[PDB]
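Okay, input-v2.pdb is below, PDB, C-alpha atoms and all ligand atoms:
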```pdb
ATOM      1  CA  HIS A   3      49.854  61.032  75.399
ATOM      2  CA  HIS A   4      46.778  62.886  74.239
ATOM      3  CA  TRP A   5      43.224  62.577  75.434
ATOM      4  CA  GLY A   6      40.960  59.663  74.621
ATOM      5  CA  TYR A   7      38.581  57.204  76.230
ATOM      6  CA  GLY A   8      41.024  54.742  77.760
ATOM      7  CA  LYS A   9      42.039  54.027  81.334
ATOM      8  CA  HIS A  10      44.963  56.396  81.277
ATOM      9  CA  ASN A  11      43.637  59.189  79.104
ATOM     10  CA  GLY A  12      39.845  59.019  79.511
ATOM     11  CA  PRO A  13      37.248  61.433  80.913
ATOM     12  CA  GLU A  14      38.630  61.411  84.464
ATOM     13  CA  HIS A  15      41.962  62.703  83.109
ATOM     14  CA  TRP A  16      40.755  65.441  80.790
ATOM     15  CA  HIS A  17      40.719  68.208  83.416
ATOM     16  CA  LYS A  18      44.522  68.224  83.574
ATOM     17  CA  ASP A  19      44.846  69.532  79.993
ATOM     18  CA  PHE A  20      41.398  71.191  79.961
ATOM     19  CA  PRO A  21      40.514  72.592  83.405
ATOM     20  CA  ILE A  22      37.100  73.724  82.119
ATOM     21  CA  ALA A  23      36.242  70.002  82.458
ATOM     22  CA  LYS A  24      35.272  70.948  86.038
ATOM     23  CA  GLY A  25      33.404  74.096  84.951
ATOM     24  CA  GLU A  26      29.929  75.405  85.596
ATOM     25  CA  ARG A  27      28.174  74.314  82.393
ATOM     26  CA  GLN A  28      29.670  70.971  81.357
ATOM     27  CA  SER A  29      27.984  68.320  79.263
ATOM     28  CA  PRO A  30      26.545  65.771  79.084
ATOM     29  CA  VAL A  31      24.147  65.649  82.023
ATOM     30  CA  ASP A  32      21.471  63.377  83.367
ATOM     31  CA  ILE A  33      18.061  64.607  82.353
ATOM     32  CA  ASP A  34      15.812  64.192  85.420
ATOM     33  CA  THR A  35      12.466  64.171  83.621
ATOM     34  CA  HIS A  36      10.506  64.862  86.750
ATOM     35  CA  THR A  37      12.597  67.959  87.635
ATOM     36  CA  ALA A  38      12.770  69.397  84.087
ATOM     37  CA  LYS A  39      10.260  72.220  83.767
ATOM     38  CA  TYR A  40       7.847  72.752  80.943
ATOM     39  CA  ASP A  41       8.587  76.150  79.416
ATOM     40  CA  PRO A  42       5.638  77.467  77.465
ATOM     41  CA  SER A  43       7.377  80.286  75.590
ATOM     42  CA  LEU A  44       9.670  77.616  74.131
ATOM     43  CA  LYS A  45       9.037  77.640  70.408
ATOM     44  CA  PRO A  46       8.668  74.618  68.187
ATOM     45  CA  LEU A  47      11.979  73.479  66.795
ATOM     46  CA  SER A  48      12.527  74.401  63.147
ATOM     47  CA  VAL A  49      14.732  71.845  61.410
ATOM     48  CA  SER A  50      15.235  72.746  57.765
ATOM     49  CA  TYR A  51      17.379  70.099  56.127
ATOM     50  CA  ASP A  52      15.832  69.912  52.626
ATOM     51  CA  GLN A  53      18.868  71.552  50.986
ATOM     52  CA  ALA A  54      21.542  69.869  53.120
ATOM     53  CA  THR A  55      24.703  69.052  51.167
ATOM     54  CA  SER A  56      26.842  66.322  52.704
ATOM     55  CA  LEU A  57      30.429  66.156  51.475
ATOM     56  CA  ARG A  58      32.559  63.662  53.304
ATOM     57  CA  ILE A  59      32.813  61.192  56.157
ATOM     58  CA  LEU A  60      35.905  61.192  58.379
ATOM     59  CA  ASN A  61      37.267  58.917  61.111
ATOM     60  CA  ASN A  62      38.952  61.479  63.402
ATOM     61  CA  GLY A  63      40.156  58.971  65.979
ATOM     62  CA  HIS A  64      37.337  59.679  68.486
ATOM     63  CA  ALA A  65      34.220  59.235  66.311
ATOM     64  CA  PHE A  66      33.240  59.549  62.650
ATOM     65  CA  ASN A  67      31.945  62.843  61.341
ATOM     66  CA  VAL A  68      29.615  63.253  58.377
ATOM     67  CA  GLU A  69      30.491  66.736  57.189
ATOM     68  CA  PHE A  70      28.337  69.228  55.335
ATOM     69  CA  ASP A  71      28.876  72.267  53.119
ATOM     70  CA  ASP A  72      28.209  75.073  55.587
ATOM     71  CA  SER A  73      29.298  77.935  53.284
ATOM     72  CA  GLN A  74      25.667  78.896  52.688
ATOM     73  CA  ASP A  75      22.399  78.722  54.610
ATOM     74  CA  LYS A  76      21.413  75.252  53.367
ATOM     75  CA  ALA A  77      20.557  73.149  56.408
ATOM     76  CA  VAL A  78      19.598  75.189  59.420
ATOM     77  CA  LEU A  79      18.215  74.895  62.880
ATOM     78  CA  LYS A  80      16.179  77.712  64.360
ATOM     79  CA  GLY A  81      13.390  78.277  66.854
ATOM     80  CA  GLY A  82      13.096  76.397  70.106
ATOM     81  CA  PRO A  83      15.274  78.129  72.694
ATOM     82  CA  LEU A  84      17.423  79.646  69.953
ATOM     83  CA  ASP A  85      17.758  83.241  68.852
ATOM     84  CA  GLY A  86      18.870  83.455  65.241
ATOM     85  CA  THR A  87      19.982  80.826  62.762
ATOM     86  CA  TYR A  88      22.361  77.951  63.240
ATOM     87  CA  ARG A  89      23.944  76.121  60.304
ATOM     88  CA  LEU A  90      24.579  72.379  60.177
ATOM     89  CA  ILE A  91      28.289  71.571  59.906
ATOM     90  CA  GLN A  92      28.529  67.879  60.823
ATOM     91  CA  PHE A  93      26.978  65.014  62.669
ATOM     92  CA  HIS A  94      28.539  62.155  64.582
ATOM     93  CA  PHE A  95      27.647  59.540  67.182
ATOM     94  CA  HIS A  96      28.799  58.176  70.523
ATOM     95  CA  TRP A  97      28.231  54.504  71.271
ATOM     96  CA  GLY A  98      29.013  51.664  73.600
ATOM     97  CA  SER A  99      30.671  48.272  73.607
ATOM     98  CA  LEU A 100      27.301  46.817  74.726
ATOM     99  CA  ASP A 101      23.723  47.840  73.907
ATOM    100  CA  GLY A 102      23.265  48.882  77.577
ATOM    101  CA  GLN A 103      25.552  51.897  77.317
ATOM    102  CA  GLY A 104      26.872  54.414  74.822
ATOM    103  CA  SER A 105      24.828  57.582  75.181
ATOM    104  CA  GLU A 106      26.321  60.687  76.772
ATOM    105  CA  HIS A 107      23.102  62.202  78.071
ATOM    106  CA  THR A 108      21.017  59.940  80.227
ATOM    107  CA  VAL A 109      17.295  60.097  80.980
ATOM    108  CA  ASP A 110      16.412  59.372  84.618
ATOM    109  CA  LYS A 111      19.837  57.667  84.689
ATOM    110  CA  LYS A 112      18.933  55.449  81.701
ATOM    111  CA  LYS A 113      21.709  54.978  79.168
ATOM    112  CA  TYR A 114      20.867  54.408  75.520
ATOM    113  CA  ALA A 115      22.931  52.326  73.070
ATOM    114  CA  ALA A 116      24.169  55.420  71.242
ATOM    115  CA  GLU A 117      23.587  59.148  70.794
ATOM    116  CA  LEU A 118      23.596  61.198  67.581
ATOM    117  CA  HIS A 119      24.857  64.771  67.645
ATOM    118  CA  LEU A 120      23.855  67.150  64.827
ATOM    119  CA  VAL A 121      26.178  70.113  65.258
ATOM    120  CA  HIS A 122      25.182  73.618  64.161
ATOM    121  CA  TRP A 123      26.880  77.008  64.545
ATOM    122  CA  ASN A 124      25.344  80.445  65.031
ATOM    123  CA  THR A 125      25.679  82.324  61.747
ATOM    124  CA  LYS A 127      26.121  85.673  63.514
ATOM    125  CA  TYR A 128      29.692  84.548  64.300
ATOM    126  CA  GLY A 129      30.682  83.944  60.699
ATOM    127  CA  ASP A 130      32.236  80.527  61.057
ATOM    128  CA  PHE A 131      32.607  77.546  63.333
ATOM    129  CA  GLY A 132      35.999  78.430  64.850
ATOM    130  CA  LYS A 133      34.689  81.802  65.998
ATOM    131  CA  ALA A 134      31.382  80.365  67.146
ATOM    132  CA  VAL A 135      32.970  77.890  69.586
ATOM    133  CA  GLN A 136      34.496  80.860  71.428
ATOM    134  CA  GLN A 137      31.002  82.229  72.212
ATOM    135  CA  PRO A 138      28.555  81.203  74.945
ATOM    136  CA  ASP A 139      25.790  80.896  72.344
ATOM    137  CA  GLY A 140      27.982  79.721  69.498
ATOM    138  CA  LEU A 141      26.651  76.235  68.869
ATOM    139  CA  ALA A 142      23.383  74.350  68.957
ATOM    140  CA  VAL A 143      23.662  70.589  69.124
ATOM    141  CA  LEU A 144      20.618  68.460  68.453
ATOM    142  CA  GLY A 145      21.010  65.228  70.400
ATOM    143  CA  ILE A 146      19.033  62.109  69.483
ATOM    144  CA  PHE A 147      19.123  58.820  71.398
ATOM    145  CA  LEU A 148      19.488  55.472  69.659
ATOM    146  CA  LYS A 149      17.959  52.271  71.010
ATOM    147  CA  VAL A 150      18.420  48.828  69.520
ATOM    148  CA  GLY A 151      15.389  47.292  67.849
ATOM    149  CA  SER A 152      14.203  47.760  64.268
ATOM    150  CA  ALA A 153      16.670  49.085  61.695
ATOM    151  CA  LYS A 154      16.741  52.742  60.779
ATOM    152  CA  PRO A 155      16.689  52.656  56.970
ATOM    153  CA  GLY A 156      18.070  56.206  56.726
ATOM    154  CA  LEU A 157      21.178  55.201  58.659
ATOM    155  CA  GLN A 158      22.189  52.368  56.373
ATOM    156  CA  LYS A 159      24.157  54.482  53.889
ATOM    157  CA  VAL A 160      26.317  55.639  56.787
ATOM    158  CA  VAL A 161      26.819  52.089  58.099
ATOM    159  CA  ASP A 162      27.837  50.820  54.681
ATOM    160  CA  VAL A 163      30.667  53.298  54.147
ATOM    161  CA  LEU A 164      32.329  52.598  57.553
ATOM    162  CA  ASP A 165      34.490  49.819  56.081
ATOM    163  CA  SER A 166      36.238  52.514  54.028
ATOM    164  CA  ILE A 167      37.122  54.666  57.071
ATOM    165  CA  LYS A 168      38.098  51.993  59.549
ATOM    166  CA  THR A 169      41.065  53.827  61.060
ATOM    167  CA  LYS A 170      41.969  57.306  62.325
ATOM    168  CA  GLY A 171      42.554  59.865  59.597
ATOM    169  CA  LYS A 172      40.690  58.020  56.831
ATOM    170  CA  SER A 173      38.018  59.912  54.940
ATOM    171  CA  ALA A 174      35.701  59.090  52.078
ATOM    172  CA  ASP A 175      33.441  61.056  49.761
ATOM    173  CA  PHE A 176      29.922  61.059  51.133
ATOM    174  CA  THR A 177      27.612  63.174  49.051
ATOM    175  CA  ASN A 178      23.823  63.397  48.846
ATOM    176  CA  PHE A 179      23.177  61.983  52.297
ATOM    177  CA  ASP A 180      19.894  63.249  53.729
ATOM    178  CA  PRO A 181      19.997  63.700  57.508
ATOM    179  CA  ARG A 182      16.191  63.916  57.645
ATOM    180  CA  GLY A 183      16.301  60.119  57.564
ATOM    181  CA  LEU A 184      17.848  60.105  61.061
ATOM    182  CA  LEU A 185      15.084  62.037  62.852
ATOM    183  CA  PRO A 186      12.307  60.597  65.003
ATOM    184  CA  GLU A 187       8.642  61.511  64.468
ATOM    185  CA  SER A 188       8.418  63.949  67.368
ATOM    186  CA  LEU A 189      10.533  67.065  67.881
ATOM    187  CA  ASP A 190       9.607  67.304  71.604
ATOM    188  CA  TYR A 191      12.826  68.174  73.429
ATOM    189  CA  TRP A 192      14.704  69.139  76.560
ATOM    190  CA  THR A 193      17.155  72.043  76.462
ATOM    191  CA  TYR A 194      19.919  73.400  78.677
ATOM    192  CA  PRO A 195      23.193  75.345  78.366
ATOM    193  CA  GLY A 196      26.309  73.242  78.218
ATOM    194  CA  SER A 197      29.518  72.376  76.499
ATOM    195  CA  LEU A 198      31.334  70.269  73.942
ATOM    196  CA  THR A 199      31.522  66.751  75.349
ATOM    197  CA  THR A 200      35.081  66.216  74.071
ATOM    198  CA  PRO A 201      38.175  68.309  74.685
ATOM    199  CA  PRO A 202      38.519  71.257  74.562
ATOM    200  CA  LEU A 203      35.144  71.067  76.381
ATOM    201  CA  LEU A 204      34.266  74.653  75.510
ATOM    202  CA  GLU A 205      31.124  76.043  77.144
ATOM    203  CA  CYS A 206      29.552  77.196  73.867
ATOM    204  CA  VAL A 207      26.590  74.830  73.324
ATOM    205  CA  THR A 208      22.849  75.162  73.602
ATOM    206  CA  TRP A 209      21.849  71.521  73.917
ATOM    207  CA  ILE A 210      18.548  70.396  72.446
ATOM    208  CA  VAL A 211      17.933  66.714  73.254
ATOM    209  CA  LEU A 212      14.961  65.001  71.644
ATOM    210  CA  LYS A 213      12.674  62.960  73.893
ATOM    211  CA  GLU A 214      11.905  60.314  71.273
ATOM    212  CA  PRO A 215      14.759  57.924  70.453
ATOM    213  CA  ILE A 216      15.291  56.400  67.032
ATOM    214  CA  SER A 217      15.580  52.642  66.710
ATOM    215  CA  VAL A 218      18.561  51.082  64.972
ATOM    216  CA  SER A 219      19.223  47.374  64.470
ATOM    217  CA  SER A 220      21.732  45.305  66.353
ATOM    218  CA  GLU A 221      23.569  44.833  63.038
ATOM    219  CA  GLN A 222      23.780  48.583  62.478
ATOM    220  CA  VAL A 223      25.351  49.330  65.844
ATOM    221  CA  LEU A 224      27.611  46.260  65.522
ATOM    222  CA  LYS A 225      29.150  47.925  62.478
ATOM    223  CA  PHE A 226      29.902  51.101  64.504
ATOM    224  CA  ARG A 227      31.845  48.863  66.905
ATOM    225  CA  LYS A 228      34.120  47.561  64.128
ATOM    226  CA  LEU A 229      35.692  50.987  63.693
ATOM    227  CA  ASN A 230      39.153  51.677  65.173
ATOM    228  CA  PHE A 231      40.431  54.508  67.369
ATOM    229  CA  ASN A 232      43.945  53.852  66.033
ATOM    230  CA  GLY A 233      45.558  54.695  62.713
ATOM    231  CA  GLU A 234      46.303  52.100  60.056
ATOM    232  CA  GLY A 235      49.384  50.108  60.951
ATOM    233  CA  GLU A 236      48.998  50.771  64.683
ATOM    234  CA  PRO A 237      47.715  48.262  67.257
ATOM    235  CA  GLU A 238      43.975  47.756  66.790
ATOM    236  CA  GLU A 239      41.760  49.212  69.450
ATOM    237  CA  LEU A 240      38.052  49.111  68.701
ATOM    238  CA  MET A 241      36.243  52.421  68.667
ATOM    239  CA  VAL A 242      33.687  51.673  71.382
ATOM    240  CA  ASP A 243      32.642  53.505  74.560
ATOM    241  CA  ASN A 244      33.534  56.889  73.114
ATOM    242  CA  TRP A 245      31.146  58.656  75.505
ATOM    243  CA  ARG A 246      31.728  61.054  78.379
ATOM    244  CA  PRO A 247      29.613  60.272  81.461
ATOM    245  CA  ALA A 248      27.085  62.665  82.958
ATOM    246  CA  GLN A 249      28.536  65.737  84.633
ATOM    247  CA  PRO A 250      27.147  67.728  87.546
ATOM    248  CA  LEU A 251      24.176  69.929  86.655
ATOM    249  CA  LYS A 252      25.364  72.643  89.056
ATOM    250  CA  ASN A 253      23.443  75.897  88.656
ATOM    251  CA  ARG A 254      21.331  74.888  85.672
ATOM    252  CA  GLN A 255      17.687  74.098  84.972
ATOM    253  CA  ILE A 256      16.652  71.795  82.161
ATOM    254  CA  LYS A 257      13.588  73.042  80.290
ATOM    255  CA  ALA A 258      11.067  70.872  78.439
ATOM    256  CA  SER A 259       9.167  71.851  75.310
ATOM    257  CA  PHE A 260       6.309  69.520  76.262
ATOM    258  CA  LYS A 261       4.106  68.530  79.191
TER     259      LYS A 261
HETATM  260  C1  LIG B 301      30.148  70.170  68.720
HETATM  261  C2  LIG B 301      30.919  69.220  67.796
HETATM  262  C3  LIG B 301      32.282  68.983  68.378
HETATM  263  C4  LIG B 301      33.254  69.900  67.953
HETATM  264  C5  LIG B 301      34.567  69.845  68.430
HETATM  265  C6  LIG B 301      34.884  68.799  69.298
HETATM  266  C7  LIG B 301      33.902  67.884  69.705
HETATM  267  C8  LIG B 301      32.582  67.941  69.273
HETATM  268  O1  LIG B 301      31.700  66.945  69.738
HETATM  269  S1  LIG B 301      30.503  67.170  70.617
HETATM  270  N1  LIG B 301      30.157  65.768  71.359
HETATM  271  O2  LIG B 301      29.371  67.563  69.727
HETATM  272  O3  LIG B 301      30.827  68.215  71.595
HETATM  273  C9  LIG B 301      36.279  68.573  69.888
HETATM  274  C10 LIG B 301      37.341  69.262  69.021
HETATM  275  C11 LIG B 301      36.954  70.730  68.814
HETATM  276  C12 LIG B 301      35.655  70.827  67.964
HETATM  277  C13 LIG B 301      35.204  72.311  67.816
HETATM  278  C14 LIG B 301      36.337  73.159  67.166
HETATM  279  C15 LIG B 301      37.628  73.001  67.979
HETATM  280  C16 LIG B 301      37.475  73.685  69.335
HETATM  281  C17 LIG B 301      38.900  73.591  67.370
HETATM  282  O4  LIG B 301      38.958  74.639  66.729
HETATM  283  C18 LIG B 301      40.090  72.693  67.749
HETATM  284  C19 LIG B 301      39.438  71.700  68.738
HETATM  285  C20 LIG B 301      38.049  71.537  68.084
HETATM  286 ZN    ZN B 302      29.197  64.413  70.274
END
```
Could you write out this file's structure as structure tokens?
Amino acid sequence: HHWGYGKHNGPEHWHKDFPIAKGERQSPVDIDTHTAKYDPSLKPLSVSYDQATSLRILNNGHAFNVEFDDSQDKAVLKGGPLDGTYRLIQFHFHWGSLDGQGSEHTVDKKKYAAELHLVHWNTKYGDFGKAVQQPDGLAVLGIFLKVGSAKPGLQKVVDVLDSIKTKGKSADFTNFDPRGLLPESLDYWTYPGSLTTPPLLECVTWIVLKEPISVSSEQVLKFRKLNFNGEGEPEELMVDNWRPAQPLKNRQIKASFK
């Protein structure tokens, strides 16, 4: 009986196995745009993905991860609120059963259809497992998805999902360019938080872009055909794999823009 997103093992249950679920810097949160404060002194984001090397895509039973070679400085995030260099290790999404929900962060209580997380770890900690044990170990770039026009750069991801329908399936996924998933503007909000899935470690500097990307109804429909279960187990569609907004507590959200 492990954690998930169902009635009996979903977000309201997680605190029993992971008491940090009720901690002081949990994610996601609602971004109150009127209360967020512009922080001149915030630097422009630097997103350097030209040499990114994707390797594989994996259905891990909670989402699908597109994984990257992070054994060298090839795709890095720097600047913004960050000190030092953070290396891209994987991206994944959270999405809903309906276009009206699916994002983890909300904006003035608005839910988007999905949310992309580009996960990076601070290279001063040597690798990902060590980084998640540090308060400044990770930087996650969050990007909202709304339903409208297709995102051409997402299609290669959508088209491989049939090969990783169920938990534990993986497929080769080389030469995928994550630059094709970014909006025009890098204006962002930032705050200190956590992983949004167990173990919910408080190791993340969140950087959430203001500008959503648009994806087509057909693209998100294909996300919803994935399964949480393994092959040969009862089929349960992988939908609504999002944690709701958590209390902001003693935190201030900063904006890079006015
Ligand atoms: C940040 C990417 C991200 C990473 C992780 C999880 C969930 C994530 O999604 S999100 N929504 O970005 O927070 C949950 C499992 C975590 C793992 C970090 C490494 C951990 C702790 C281990 O060594 C064993 C348990 C592993
Ligand atoms: Zn995530």
Subject >> Which of A:180, A:236, A:71, A:175 sits closest to residue A:158 [using only C-alpha atoms] >> reply: A:180
Produce the centre coordinates and the three edge lengths, each in Å to one decimal, of the box along x, y and z that contains all listed atoms of ligand LIG 301 (chain B) with 3 Å added on each side, as JSON.
```
{"center_x": 34.7, "center_y": 70.2, "center_z": 69.2, "size_x": 16.7, "size_y": 14.9, "size_z": 10.9}
```
**OP:** May I ask you to write as a list in words all residues lying at most 6 Å from ligand LIG 301 (chain B), with only C-alpha atoms and all ligand atoms counted?
**Re:** residues 119, 121, 132, 198, 199, 200, 201 and 202 of chain A
**OP:** Enumerate, as a PyMOL selection string, the residues matched when the PyMOL selection byres (((not hetatm)) within 12 of (chain B and resi 302)) is run on the file above.
**Re:** chain A and resi 29-30+64-68+92-97+104-107+116-122+142-147+197-201+203+207+209+211+244-247
Original post:
What is the distance, in Å and to one decimal place, between atom CA of residue A:167 and atom CA of residue A:241?
Top reply: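 For atom CA of residue A:167 relative to atom CA of residue A:241, the distance reads 11.8 Å.
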Original post:
Could you tell me, as a PyMOL selection string, which residues have any atom at most 7 Å from (14.7, 64.4, 81.0), counting all atoms listed in the file?
Top reply: chain A and resi 33-35+38+109-110+192
**OP:** Quick one: everything within 8 Å of residue A:252, counting all atoms listed in the file, minus sequence neighbours fewer than 2 positions away in the same chain. Send it as a list in words.
**Re:** residues 26, 27, 250 and 254 of chain A
Subject >> Shortest interatomic distance to residue A:227 - which of A:212, A:204, A:161, A:60, counting all atoms listed in the file >> reply: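 Among the listed residues, A:161 lies closest to residue A:227.
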Subject >> Answer key for the PyMOL selection byres (((chain A and resi 101) around 10) and not hetatm), residues as an MDAnalysis selection string >> reply: chainID A and resid 97:100 102:105 113:116 148:150 220 223:224
Dump as a compact mmCIF listing (two decimals), in the frame of the given file, selection limited to C-alpha atoms:
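Listed below is the output, result.txt:
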```
# COMPACT_ATOMS: atom_id res chain seq x y z
CA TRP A 97 28.23 54.50 71.27
CA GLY A 98 29.01 51.66 73.60
CA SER A 99 30.67 48.27 73.61
CA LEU A 100 27.30 46.82 74.73
CA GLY A 102 23.26 48.88 77.58
CA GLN A 103 25.55 51.90 77.32
CA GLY A 104 26.87 54.41 74.82
CA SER A 105 24.83 57.58 75.18
CA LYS A 113 21.71 54.98 79.17
CA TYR A 114 20.87 54.41 75.52
CA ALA A 115 22.93 52.33 73.07
CA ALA A 116 24.17 55.42 71.24
CA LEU A 148 19.49 55.47 69.66
CA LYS A 149 17.96 52.27 71.01
CA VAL A 150 18.42 48.83 69.52
CA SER A 220 21.73 45.30 66.35
CA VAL A 223 25.35 49.33 65.84
CA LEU A 224 27.61 46.26 65.52
```
**OP:** Up to 6 Å from (31.8, 63.0, 54.3) in the file's coordinates: name the residues, counting all atoms listed in the file, as a list in words.
**Re:**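 Selection result: residues 57, 58, 59, 68, 69, 174, 175 and 176 of chain A.
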**OP:** Between A:171, A:63, A:46, A:233, single out the one closest to residue A:189, counting all atoms listed in the file.
**Re:**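 Under the stated criterion, the closest residue is A:46.
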**OP:** Identify, on the basis of all atoms listed in the file, every residue whose closest approach to residue A:206 does not exceed 9 Å; exclude the query and any residue fewer than 6 positions from it along the same chain; express the result as a PyMOL selection string.
**Re:** chain A and resi 134-142+195-198
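With distances restricted to all atoms listed in the file, A:219 is the closest residue to residue A:153 from A:50, A:43, A:219, A:74.
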Original post:
Neighbours of residue A:75 within 10 Å (only C-alpha atoms; same-chain residues fewer than 5 positions away dropped), as a ChimeraX atom specification?
Top reply: /A:50,53-54,87-90,125
How would stretch 47-60 of chain A look with N, CA and C atoms restored, written as an mmCIF file, in the frame of the given file?
```
data_model
loop_
_atom_site.group_PDB
_atom_site.id
_atom_site.type_symbol
_atom_site.label_atom_id
_atom_site.label_comp_id
_atom_site.auth_asym_id
_atom_site.auth_seq_id
_atom_site.Cartn_x
_atom_site.Cartn_y
_atom_site.Cartn_z
ATOM 1 N N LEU A 47 10.742 73.542 67.541
ATOM 2 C CA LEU A 47 11.979 73.479 66.795
ATOM 3 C C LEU A 47 11.643 73.764 65.325
ATOM 4 N N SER A 48 12.562 74.392 64.602
ATOM 5 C CA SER A 48 12.527 74.401 63.147
ATOM 6 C C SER A 48 13.801 73.750 62.616
ATOM 7 N N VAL A 49 13.638 72.595 62.004
ATOM 8 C CA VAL A 49 14.732 71.845 61.410
ATOM 9 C C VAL A 49 14.535 71.864 59.912
ATOM 10 N N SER A 50 15.382 72.594 59.201
ATOM 11 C CA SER A 50 15.235 72.746 57.765
ATOM 12 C C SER A 50 16.416 72.133 57.061
ATOM 13 N N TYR A 51 16.299 70.851 56.743
ATOM 14 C CA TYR A 51 17.379 70.099 56.127
ATOM 15 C C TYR A 51 17.169 69.714 54.654
ATOM 16 N N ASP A 52 16.155 70.281 54.007
ATOM 17 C CA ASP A 52 15.832 69.912 52.626
ATOM 18 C C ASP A 52 16.982 70.174 51.647
ATOM 19 N N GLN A 53 17.772 71.209 51.899
ATOM 20 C CA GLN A 53 18.868 71.552 50.986
ATOM 21 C C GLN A 53 20.247 71.170 51.542
ATOM 22 N N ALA A 54 20.270 70.319 52.560
ATOM 23 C CA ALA A 54 21.542 69.869 53.120
ATOM 24 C C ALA A 54 22.412 69.234 52.053
ATOM 25 N N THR A 55 23.700 69.577 52.084
ATOM 26 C CA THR A 55 24.703 69.052 51.167
ATOM 27 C C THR A 55 25.813 68.378 51.944
ATOM 28 N N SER A 56 25.757 67.054 52.057
ATOM 29 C CA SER A 56 26.842 66.322 52.704
ATOM 30 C C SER A 56 28.023 66.273 51.740
ATOM 31 N N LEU A 57 29.224 66.203 52.289
ATOM 32 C CA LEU A 57 30.429 66.156 51.475
ATOM 33 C C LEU A 57 31.286 64.935 51.703
ATOM 34 N N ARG A 58 31.470 64.571 52.962
ATOM 35 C CA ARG A 58 32.559 63.662 53.304
ATOM 36 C C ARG A 58 32.263 63.010 54.637
ATOM 37 N N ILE A 59 32.865 61.844 54.861
ATOM 38 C CA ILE A 59 32.813 61.192 56.157
ATOM 39 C C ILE A 59 34.253 60.927 56.588
ATOM 40 N N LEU A 60 34.544 61.212 57.860
ATOM 41 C CA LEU A 60 35.905 61.192 58.379
ATOM 42 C C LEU A 60 35.978 60.451 59.714
#
```
